[PDB]
Structure formats: C-alpha cells, structure tokens
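Encoded as structure tokens, the structure appears first; notes follow it.
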Amino acid sequence: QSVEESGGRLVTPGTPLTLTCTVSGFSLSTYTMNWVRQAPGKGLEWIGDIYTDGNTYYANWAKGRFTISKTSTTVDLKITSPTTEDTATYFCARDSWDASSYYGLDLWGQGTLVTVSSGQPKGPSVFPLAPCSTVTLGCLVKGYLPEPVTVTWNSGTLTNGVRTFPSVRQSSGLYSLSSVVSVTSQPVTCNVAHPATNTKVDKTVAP
Amino acid sequence: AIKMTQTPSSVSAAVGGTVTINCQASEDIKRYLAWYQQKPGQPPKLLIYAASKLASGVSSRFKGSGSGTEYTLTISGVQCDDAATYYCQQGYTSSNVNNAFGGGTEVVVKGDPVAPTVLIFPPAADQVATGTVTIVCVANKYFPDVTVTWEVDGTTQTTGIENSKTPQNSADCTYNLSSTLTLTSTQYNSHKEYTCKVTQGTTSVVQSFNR
C-alpha cells in the first residue's frame, strides 16, 4: 500500500492551490486520511483529516483556511488563500483505530513542497570554489527559488568525499547552498539542476 | 482545546546511554498516543502506537509508557543511527485541536570525538564581477560542536556571516559545517587577509588567504 502527494509548486499569496494525495492498496472506507505540514527546519503541524464516513476536521488555526475532500482513491487539500506562512512540505498520512488502541500514522507520502512568494522562480548562479596532491574543490550555488536544486559531481560518478550542505534562505528570499568534493590528481565538474525552472548548469572547476 | 507539550526540546546522550522524552496532554487522552522518529529529508516513521506498543519491525530499545495526561518515550543503548527528532502525537480526538503533535525533541548522540578538517575558498573572479562576494569556509567531519570566527586583517567580523550545519552522520555522529562571509566587491577589495578560525573546546584551527 502506498500514498503519494502532488501539486506543490511556487504560488503567489492569495492564489488558491489544490494538493492531491493518491492512495493505492487500501480503502478510504477503512482508513482515515490526514494532512500534515512541516515548514523548513520546524516541527510537524497537523492540518486536518477526513474520516472513513466523510466527516472532516481541521485544527483550530486551519478552520476556514483549508478544505479537505476525497474520492475513492484520492484526497485533496485546498489552500483557500495562501500566505508566506504556508510555505512548507505537505504530507498525506493514513491512520486507523481498533477497540481502544489507536494505531498511529503508519503510512506517509514523501510530501509535496509548497512555496508561497510574490517573487518569480529563478534559476541558480553557480560559482567555482578552489584553493588559494589531492584537493577539495566545490561549487557555491546562489540565488534560486523555489527549492530544491540537485548537485552532482561528474554526473554522479564522483561520490566519495562529496559533502553537500543544507541550503540557506537569504534575506532576499532566495536560496543558496554549497557542495565540496575531495579528488586526487581529469576535469571536475559540478552539475546543478533546478527542475522548477527547467534548467541545468554544469560548471567545470579549475584547480 | 487539546494541547500536547513535549519536553525537553533537545537532549544529548553518550553512545550506549539512555534518552528520556516526556509528553504532556492538556486532557486525558486515554493512551491514544503515538511516537515518531524523523530525520531530515524523510517523512516521520512510526515507532510506538497505543502509547506502548511497538510498531512492526521497530526495535525494543524504544519504549513507550504512561497514561492519562503524561507519557514518556525512552531510548536505550543509544546509537549514532538514533540521532533524529522525535515527536509525540495524540490520536484521541480530531475536534477542537490546537496542536495534535508535540513540538518535537532533537536527540544528539555523543559518539567518538573528531577534530574538524577546515578549508577556505576565496571568491572566484566571476563572483567579484557581480558586485557581491561570498567567501566560504568549511569544517568537515567533526564532533562535538565548533564555533567559527571570521577575521579580516585581524578584525573580528560580526556581520555578513551565515552558518549551515548538516544533521549528525548516522554511522559516526559527526557534523559538516559551511560558514560564509558575504561582502560587497568594494568592501572585499578594501582589505587583504581573510581568516576562518574554527574552535572546538579550546583547540583552534585556522585557515587564511591574502586577496
């Protein structure tokens, strides 16, 4: 059985956004479904649920700000009027109960990222990091929105000694991160992909 | 409204030791309570349901207890692979809920100490040309925590600095850290020697370059 979320994207404040959770291998006449979000770096926040019989409940803060509904194989979460406080990964998760023993949220999706901003999506700028024998080279990737980017070295063939650091939101509201690789000695190239703007950039780092 | 109060916000334990996490409900939730573990990048994983029952495949090193309004998760024989954030969650009601999950508890596991390997990278010419530069300093593979001090011709820098630290490594408990110093190209050209100083305990490691 499995759960999978979709629909997260960068959206301007006030623009209604619907997320979808598609379920496989179990019935929603047996399991209750829950939406839970988590802002970058923060704790889990339960938004609401929809029981097998169709009753929907929302956290007190969420009432009037979200609507949950379902078919036989999907659950939707509509965010009525997004604000920048709504930026988070949104998870769908199923739970159930027996006689007295609550069974917990045992199955979760990988989550879908909602980014709420007045800014346009923007691809990364990539700058080479070099010293000034084996050597550590790197790439600093700056100025992108929304998250994430992926960074690989030589198309994934250099994996040993790679350290990529968590991204940091800048005061501009854009993101940056860095990646470094330890190599011996021929060209060493960082490949930075930003699917949100349909872009990839390769930078060959010169010792 | 139903409120869950989880304490402490952070706890540390030596490898092999024991960690205890408490959860207080604002009313009697009758053991309709679960515990989860979560590591960055992943959804949470159910550990304990019905307050004290182990979820399928979960290790008996995790132990849930309590009743009424007071619950506890204990982790025995703590290992680096346990470094994570832990959450309690009430499944008693969906009505009049302020928060269903506790605030979470970060568990820091103290494994074998390791001194940081430090590197500094001057901004590339293509950075300077944009009007703003970012100098990068990294401290790789270390435990326990370090402090970074930036110095520009010997003057301690107090602004323009951002630090980004990885989660603990699941196998060996270590961190990696990147620290950046961001200045205007003019500000950058206004000076000669740039220094990253990384301190662990009382032992310091210094890397510098001359612009």
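Residues in the structure tokens are named by chain (A, B, ... in the order shown) and by number from 1 within that chain; ligands are numbered from 1 in the order shown.
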Per-residue nearest contacts range 36-150 of chain B to range 35-46 of chain A, cut-off 8 Å, using only C-alpha atoms, as a Markdown table:
| residue | atom | partner | partner_atom | distance |
| --- | --- | --- | --- | --- |
| B:99 | CA | A:46 | CA | 6.8 |
| B:100 | CA | A:46 | CA | 6.1 |
| B:101 | CA | A:44 | CA | 6.6 |
| B:103 | CA | A:43 | CA | 5.9 |
| B:104 | CA | A:43 | CA | 6.3 |
Can you check which parts of chain B lie within 8 Å of chain A? Per residue, the shortest pair of atoms and distance in Å to one decimal, counting only C-alpha atoms, sorted by chain and number, as CSV.
residue,atom,partner,partner_atom,distance
B:31,CA,A:101,CA,7.7
B:32,CA,A:102,CA,5.1
B:33,CA,A:102,CA,6.9
B:34,CA,A:104,CA,5.6
B:42,CA,A:110,CA,6.9
B:43,CA,A:110,CA,6.1
B:44,CA,A:108,CA,7.7
B:45,CA,A:106,CA,7.3
B:46,CA,A:106,CA,5.7
B:48,CA,A:104,CA,7.9
B:49,CA,A:103,CA,5.3
B:50,CA,A:101,CA,4.7
B:91,CA,A:102,CA,6.3
B:92,CA,A:102,CA,7.8
B:94,CA,A:57,CA,6.0
B:95,CA,A:57,CA,6.4
B:96,CA,A:60,CA,6.1
B:97,CA,A:59,CA,5.1
B:98,CA,A:60,CA,5.5
B:99,CA,A:46,CA,6.8
B:100,CA,A:46,CA,6.1
B:101,CA,A:44,CA,6.6
B:103,CA,A:43,CA,5.9
B:104,CA,A:43,CA,6.3
B:120,CA,A:131,CA,7.0
B:121,CA,A:131,CA,5.4
B:122,CA,A:132,CA,6.7
B:123,CA,A:129,CA,7.2
B:124,CA,A:128,CA,6.4
B:126,CA,A:127,CA,7.1
B:127,CA,A:127,CA,6.9
B:164,CA,A:166,CA,6.1
B:165,CA,A:165,CA,6.8
B:166,CA,A:165,CA,6.1
B:176,CA,A:165,CA,7.5
B:177,CA,A:165,CA,7.1
B:178,CA,A:165,CA,6.7
B:209,CA,A:132,CA,6.5
Just the selected residues (C-alpha atoms), exported as a tab-separated table (two decimals), in the first residue's frame, please.
chain	number	residue	atom	x	y	z
B	31	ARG	CA	-3.34	6.26	25.75
B	32	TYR	CA	-4.46	7.16	22.20
B	33	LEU	CA	-0.90	8.30	21.64
B	34	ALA	CA	1.89	7.59	19.13
B	42	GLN	CA	12.37	11.95	5.19
B	43	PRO	CA	8.82	11.60	6.41
B	44	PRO	CA	8.44	10.61	10.03
B	45	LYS	CA	8.50	6.92	10.97
B	46	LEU	CA	6.01	5.43	13.45
B	48	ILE	CA	5.15	3.33	19.08
B	49	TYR	CA	1.30	3.26	18.90
B	50	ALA	CA	-1.39	2.85	21.58
B	91	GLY	CA	-4.93	10.32	18.28
B	92	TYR	CA	-7.67	10.82	20.95
B	94	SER	CA	-9.78	15.48	15.83
B	95	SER	CA	-12.17	18.09	17.31
B	96	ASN	CA	-11.11	21.41	18.99
B	97	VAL	CA	-7.42	20.72	18.40
B	98	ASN	CA	-4.78	23.42	18.78
B	99	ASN	CA	-1.93	21.04	18.07
B	100	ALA	CA	-2.00	17.22	17.72
B	101	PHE	CA	1.78	16.78	17.63
B	103	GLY	CA	6.92	20.35	19.40
B	104	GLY	CA	9.47	17.59	18.92
B	120	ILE	CA	38.78	28.23	2.97
B	121	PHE	CA	37.88	29.25	-0.58
B	122	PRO	CA	38.37	32.77	-1.90
B	123	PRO	CA	35.62	34.15	-4.13
B	124	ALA	CA	36.15	33.34	-7.83
B	126	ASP	CA	33.19	35.64	-11.67
B	127	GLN	CA	31.80	36.47	-8.19
B	164	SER	CA	24.84	25.85	7.72
B	165	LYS	CA	25.38	22.62	9.61
B	166	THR	CA	24.44	19.08	8.41
B	176	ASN	CA	29.93	19.08	8.50
B	177	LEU	CA	29.58	22.86	8.52
B	178	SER	CA	29.78	25.56	5.88
B	209	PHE	CA	44.36	33.65	2.33
Contact residues around range 158-161 of chain B with only C-alpha atoms at 6 Å, ignoring same-chain residues under 2 positions, as a PDB file with N, CA and C atoms, in the first residue's frame:
ATOM      1  N   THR B 180      29.720  31.074   5.631  1.00  0.00           N
ATOM      2  CA  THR B 180      30.044  32.018   4.565  1.00  0.00           C
ATOM      3  C   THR B 180      30.098  33.452   5.060  1.00  0.00           C
ATOM      4  N   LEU B 181      30.977  34.240   4.455  1.00  0.00           N
ATOM      5  CA  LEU B 181      31.066  35.650   4.777  1.00  0.00           C
ATOM      6  C   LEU B 181      30.775  36.365   3.487  1.00  0.00           C
ATOM      7  N   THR B 182      29.770  37.240   3.494  1.00  0.00           N
ATOM      8  CA  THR B 182      29.359  37.911   2.284  1.00  0.00           C
ATOM      9  C   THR B 182      29.652  39.415   2.404  1.00  0.00           C
TER      10      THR B 182
END
Problem set entry | Spatial neighbours of residue 183 in chain B, max dist 12 Å, only C-alpha atoms, sep filter under 2 positions, as a list in words |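 Residues near the query, excluding close chain neighbours: residues 123, 127, 128, 130, 131, 132, 133, 134, 135, 136, 152, 157, 158, 159, 160, 161, 162, 180, 181, 185, 186, 187, 188, 189, 190, 191 and 194 of chain B.
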Can I get the selection written as a PDB file, in the first residue's frame, with N, CA and C atoms?
ATOM      1  N   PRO B 123      36.673  34.037  -3.104  1.00  0.00           N
ATOM      2  CA  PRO B 123      35.622  34.152  -4.126  1.00  0.00           C
ATOM      3  C   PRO B 123      36.274  34.098  -5.500  1.00  0.00           C
ATOM      4  N   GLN B 127      32.570  35.899  -9.305  1.00  0.00           N
ATOM      5  CA  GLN B 127      31.802  36.475  -8.193  1.00  0.00           C
ATOM      6  C   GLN B 127      32.051  37.958  -8.031  1.00  0.00           C
ATOM      7  N   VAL B 128      33.341  38.298  -7.955  1.00  0.00           N
ATOM      8  CA  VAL B 128      33.773  39.674  -7.762  1.00  0.00           C
ATOM      9  C   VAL B 128      33.085  40.549  -8.792  1.00  0.00           C
ATOM     10  N   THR B 130      30.196  40.440  -9.992  1.00  0.00           N
ATOM     11  CA  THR B 130      28.756  40.721  -9.744  1.00  0.00           C
ATOM     12  C   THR B 130      28.511  41.834  -8.737  1.00  0.00           C
ATOM     13  N   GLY B 131      29.558  42.298  -8.057  1.00  0.00           N
ATOM     14  CA  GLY B 131      29.375  43.338  -7.058  1.00  0.00           C
ATOM     15  C   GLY B 131      29.265  42.857  -5.611  1.00  0.00           C
ATOM     16  N   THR B 132      29.052  41.559  -5.438  1.00  0.00           N
ATOM     17  CA  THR B 132      28.942  40.965  -4.116  1.00  0.00           C
ATOM     18  C   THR B 132      29.799  39.701  -4.130  1.00  0.00           C
ATOM     19  N   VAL B 133      30.564  39.464  -3.064  1.00  0.00           N
ATOM     20  CA  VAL B 133      31.290  38.207  -2.919  1.00  0.00           C
ATOM     21  C   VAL B 133      30.915  37.418  -1.671  1.00  0.00           C
ATOM     22  N   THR B 134      31.125  36.108  -1.752  1.00  0.00           N
ATOM     23  CA  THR B 134      30.878  35.225  -0.641  1.00  0.00           C
ATOM     24  C   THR B 134      32.134  34.410  -0.493  1.00  0.00           C
ATOM     25  N   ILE B 135      32.735  34.501   0.680  1.00  0.00           N
ATOM     26  CA  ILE B 135      33.889  33.720   0.990  1.00  0.00           C
ATOM     27  C   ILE B 135      33.363  32.483   1.726  1.00  0.00           C
ATOM     28  N   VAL B 136      33.878  31.317   1.391  1.00  0.00           N
ATOM     29  CA  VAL B 136      33.363  30.092   2.015  1.00  0.00           C
ATOM     30  C   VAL B 136      34.444  29.414   2.846  1.00  0.00           C
ATOM     31  N   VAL B 152      39.125  39.756   9.355  1.00  0.00           N
ATOM     32  CA  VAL B 152      39.505  40.411   8.133  1.00  0.00           C
ATOM     33  C   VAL B 152      40.621  41.415   8.554  1.00  0.00           C
ATOM     34  N   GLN B 157      34.938  39.790  12.453  1.00  0.00           N
ATOM     35  CA  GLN B 157      33.805  40.188  11.668  1.00  0.00           C
ATOM     36  C   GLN B 157      32.527  39.745  12.420  1.00  0.00           C
ATOM     37  N   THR B 158      31.527  40.614  12.524  1.00  0.00           N
ATOM     38  CA  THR B 158      30.315  40.278  13.282  1.00  0.00           C
ATOM     39  C   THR B 158      29.050  40.280  12.443  1.00  0.00           C
ATOM     40  N   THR B 159      29.153  40.751  11.204  1.00  0.00           N
ATOM     41  CA  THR B 159      28.003  40.766  10.299  1.00  0.00           C
ATOM     42  C   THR B 159      28.354  40.048   8.996  1.00  0.00           C
ATOM     43  N   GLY B 160      27.343  39.732   8.191  1.00  0.00           N
ATOM     44  CA  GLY B 160      27.547  39.211   6.843  1.00  0.00           C
ATOM     45  C   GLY B 160      27.825  37.703   6.838  1.00  0.00           C
ATOM     46  N   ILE B 161      27.688  37.077   8.009  1.00  0.00           N
ATOM     47  CA  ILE B 161      28.034  35.646   8.227  1.00  0.00           C
ATOM     48  C   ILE B 161      26.841  34.711   8.300  1.00  0.00           C
ATOM     49  N   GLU B 162      26.871  33.591   7.553  1.00  0.00           N
ATOM     50  CA  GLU B 162      25.832  32.569   7.651  1.00  0.00           C
ATOM     51  C   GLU B 162      26.411  31.163   7.820  1.00  0.00           C
ATOM     52  N   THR B 180      29.720  31.074   5.631  1.00  0.00           N
ATOM     53  CA  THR B 180      30.044  32.018   4.565  1.00  0.00           C
ATOM     54  C   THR B 180      30.098  33.452   5.060  1.00  0.00           C
ATOM     55  N   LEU B 181      30.977  34.240   4.455  1.00  0.00           N
ATOM     56  CA  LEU B 181      31.066  35.650   4.777  1.00  0.00           C
ATOM     57  C   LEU B 181      30.775  36.365   3.487  1.00  0.00           C
ATOM     58  N   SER B 185      31.907  43.783  -3.328  1.00  0.00           N
ATOM     59  CA  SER B 185      33.171  43.698  -4.025  1.00  0.00           C
ATOM     60  C   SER B 185      34.106  44.830  -3.572  1.00  0.00           C
ATOM     61  N   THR B 186      33.536  46.005  -3.338  1.00  0.00           N
ATOM     62  CA  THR B 186      34.335  47.138  -2.839  1.00  0.00           C
ATOM     63  C   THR B 186      34.792  46.855  -1.425  1.00  0.00           C
ATOM     64  N   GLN B 187      33.853  46.475  -0.559  1.00  0.00           N
ATOM     65  CA  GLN B 187      34.249  46.059   0.781  1.00  0.00           C
ATOM     66  C   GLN B 187      35.359  45.006   0.727  1.00  0.00           C
ATOM     67  N   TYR B 188      35.232  43.997  -0.163  1.00  0.00           N
ATOM     68  CA  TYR B 188      36.210  42.911  -0.327  1.00  0.00           C
ATOM     69  C   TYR B 188      37.589  43.405  -0.778  1.00  0.00           C
ATOM     70  N   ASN B 189      37.558  44.384  -1.669  1.00  0.00           N
ATOM     71  CA  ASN B 189      38.791  44.963  -2.173  1.00  0.00           C
ATOM     72  C   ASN B 189      39.411  45.929  -1.162  1.00  0.00           C
ATOM     73  N   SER B 190      38.600  46.398  -0.208  1.00  0.00           N
ATOM     74  CA  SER B 190      39.061  47.297   0.860  1.00  0.00           C
ATOM     75  C   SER B 190      40.042  46.626   1.864  1.00  0.00           C
ATOM     76  N   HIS B 191      40.296  45.317   1.713  1.00  0.00           N
ATOM     77  CA  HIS B 191      41.054  44.547   2.713  1.00  0.00           C
ATOM     78  C   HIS B 191      42.004  43.480   2.098  1.00  0.00           C
ATOM     79  N   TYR B 194      42.090  37.334   4.784  1.00  0.00           N
ATOM     80  CA  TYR B 194      40.786  36.799   5.196  1.00  0.00           C
ATOM     81  C   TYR B 194      40.999  35.477   5.934  1.00  0.00           C
TER      82      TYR B 194
END
For this session: Do a neighbour search on residue 205 in chain B at 9 Å with only C-alpha atoms, toss out local chain neighbours closer than 4 positions, and write the hits as an MDAnalysis selection string.
Result: chainID B and resid 116:118 196:200
Problem set entry | Members of range 16-162 of chain A assigned helix (DSSP H, G or I) by DSSP, as a VMD selection string | chain A and resid 60 to 62 84 to 86 154 to 156
Output file for the residues above (N, CA, C and O atoms, as an mmCIF file, in the first residue's frame):
data_model
loop_
_atom_site.group_PDB
_atom_site.id
_atom_site.type_symbol
_atom_site.label_atom_id
_atom_site.label_comp_id
_atom_site.auth_asym_id
_atom_site.auth_seq_id
_atom_site.Cartn_x
_atom_site.Cartn_y
_atom_site.Cartn_z
ATOM 1 N N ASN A 60 -7.814 24.065 14.906
ATOM 2 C CA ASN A 60 -8.454 25.368 15.147
ATOM 3 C C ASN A 60 -7.856 26.520 14.293
ATOM 4 O O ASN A 60 -8.618 27.307 13.736
ATOM 5 N N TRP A 61 -6.520 26.570 14.146
ATOM 6 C CA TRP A 61 -5.858 27.593 13.303
ATOM 7 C C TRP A 61 -6.180 27.449 11.794
ATOM 8 O O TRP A 61 -6.150 28.436 11.046
ATOM 9 N N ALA A 62 -6.484 26.218 11.359
ATOM 10 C CA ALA A 62 -6.695 25.876 9.958
ATOM 11 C C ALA A 62 -8.160 26.096 9.492
ATOM 12 O O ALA A 62 -8.448 26.117 8.292
ATOM 13 N N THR A 84 2.625 33.614 2.980
ATOM 14 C CA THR A 84 4.018 33.178 3.027
ATOM 15 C C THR A 84 4.212 32.272 4.237
ATOM 16 O O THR A 84 5.064 31.434 4.222
ATOM 17 N N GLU A 85 3.411 32.440 5.287
ATOM 18 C CA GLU A 85 3.413 31.491 6.420
ATOM 19 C C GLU A 85 3.023 30.020 6.037
ATOM 20 O O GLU A 85 3.259 29.088 6.803
ATOM 21 N N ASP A 86 2.447 29.820 4.859
ATOM 22 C CA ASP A 86 2.054 28.484 4.389
ATOM 23 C C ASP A 86 3.140 27.730 3.632
ATOM 24 O O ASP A 86 2.941 26.606 3.233
ATOM 25 N N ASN A 154 30.781 15.263 -11.693
ATOM 26 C CA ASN A 154 30.979 14.367 -12.836
ATOM 27 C C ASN A 154 29.790 13.431 -13.112
ATOM 28 O O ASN A 154 29.946 12.204 -13.290
ATOM 29 N N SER A 155 28.587 14.005 -13.145
ATOM 30 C CA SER A 155 27.388 13.235 -13.448
ATOM 31 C C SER A 155 27.176 12.022 -12.526
ATOM 32 O O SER A 155 26.697 10.964 -12.969
ATOM 33 N N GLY A 156 27.545 12.173 -11.265
ATOM 34 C CA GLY A 156 27.266 11.173 -10.256
ATOM 35 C C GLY A 156 28.368 10.148 -10.135
ATOM 36 O O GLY A 156 28.280 9.206 -9.309
#
Exercise. If you count only C-alpha atoms, which residues fall within 6 Å of range 69-84 of chain B, apart from same-chain ones fewer than 5 positions away, as a list in words?
Worked result: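 Once the adjacent positions are removed, what remains is residues 15, 16, 17, 18, 19, 20, 21, 22, 23, 24, 25, 27, 28, 38, 39, 61, 62, 63, 64, 106, 107, 108, 109, 170, 171, 172 and 173 of chain B.
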Exercise. Suppose you want the space between CA of residue 82 in chain A and CA of residue 11 in chain A; what is it in Å?
Worked result: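 These two atoms are separated by 8.0 Å.
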